[PDB]
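Engineer: Residue numbers (the authors' numbering), protein chains in the order written: chain A, 127 to 198; chain B, 671 to 738.
Just so it is clear, CB atoms sit at the ideal spot from N, CA and C, and this is done for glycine as well.
Sending over a structure as structure tokens; questions will come in a sec.
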Amino acid sequence: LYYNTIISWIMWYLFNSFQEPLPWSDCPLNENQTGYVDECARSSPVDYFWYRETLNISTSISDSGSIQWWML
Amino acid sequence: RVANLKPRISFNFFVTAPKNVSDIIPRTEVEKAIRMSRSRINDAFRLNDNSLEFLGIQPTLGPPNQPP
């Protein structure tokens with residue numbers, strides 16, 4: 127069961143392949159057409175694209191957030 | 671006006687009035703004046719705005735829209 131969850135994310139990043147500026151390479155901007163958001167400023171753009179991009183993240187295990195319908 | 675010429679291509683500058691030299695140009699308008707034609711001068715010396723440093727003026731551009 128849960129390997130196929132990992133296996134789906136292998137294909138998910140493979141869907142996110144094929145392109146000039148790889149999406150994890152750069153930071154998303156802020157809302158002012160200027161520099162970047164805080165978690166892409168405080169940490170690398172490869173991770174930020176994981177806690178919102180790969181999946182929207184929750185803080186704890188006790189709080190269930192977004193369903194990630196396209197990841198479904 | 672050119673002051674403190676450094677062989678390292680660095681110097682503090684300001685501009686005046688042409689020959690009403692009793693009065694100078696206020697810097698607050700020069701800051702927006704550079705940001706209008708900032709793109710004009712880097713290719714005037716084959717530069718990249720990381721070789722056009724101004725210390726108070728920085729490029730605020732570049733939103734990408736690659737996917738349809």
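Would you kindly work out how many angstroms separate the C-alpha atoms of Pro-696/B and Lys-702/B, rounded to a whole number?
Structural biologist: For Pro-696/B and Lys-702/B, the distance between alpha carbons rounds to 11 Å.
Engineer: Contact check, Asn-156/A vs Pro-149/A under 8 Å by CB: the rounded distance?
Structural biologist: Contact doesn't hold; Cβ gap of about 17 Å is too wide.
Engineer: Got a sec, what are the start and stop residues for the beta strand (DSSP E) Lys-689/B sits in?
Structural biologist: No beta strand (DSSP E) contains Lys-689/B, which DSSP labels as neither H nor E.
Engineer: Applying a beta-carbon distance threshold of less than 8 Å, which residues of chain A neighbour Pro-734/B?
Structural biologist: By Cβ distance, chain A contributes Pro-147, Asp-152.
Engineer: Grouping DSSP H, G and I as helix and E and B as strand, with all else coil, what is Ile-132/A?
Structural biologist: If DSSP states are grouped into helix, strand and coil, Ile-132/A belongs with the helices.
Engineer: Could you tell me whether the Cβ atoms of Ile-711/B and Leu-722/B are closer together than 9 Å?
Structural biologist: Contact flag set, yes.
Engineer: What does the alpha-carbon distance come out to for the pair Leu-140/A and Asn-718/B?
Structural biologist: So the alpha carbons of these two residues sit roughly 33 Å apart.
Engineer: Note down, in chain order, each residue of its chain lying with its Cβ closer than 7 Å to the Cβ of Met-197/A, except the 5 sequence neighbours on either side.
Structural biologist: Cβ neighbours of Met-197/A beyond the five flanking positions: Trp-138, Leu-181.
Engineer: Using only the alpha-carbon positions, how far apart do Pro-733/B and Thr-160/A sit?
Structural biologist: Their Cα atoms are separated by approximately 8 Å.
Engineer: Out of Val-700/B, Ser-707/B, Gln-736/B, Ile-679/B, point me to the one whose CA is closest to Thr-686/B's CA.
Structural biologist: Closest option to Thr-686/B, Cα to Cα, is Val-700/B.
Engineer: Closest Cβ-Cβ distance between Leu-140/A and chain B: below 9 Å?
Structural biologist: It does not: the Cβ of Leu-140/A has no partner Cβ on chain B nearer than 9 Å.
Engineer: Could you have a look at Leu-155/A and say whether DSSP puts it in helix, strand or coil?
Structural biologist: Three-state result, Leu-155/A: strand.
Engineer: Can you give me the start and stop residues for the alpha helix (DSSP H) that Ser-192/A sits inside?
Structural biologist: Careful: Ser-192/A lies outside any alpha helix (DSSP H) and carries neither H nor E.
Engineer: Report the rounded CA-to-CA distance for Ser-709/B versus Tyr-162/A, giving the unit in angstroms.
Structural biologist: Whole-angstrom Cα-Cα distance: 21 Å.
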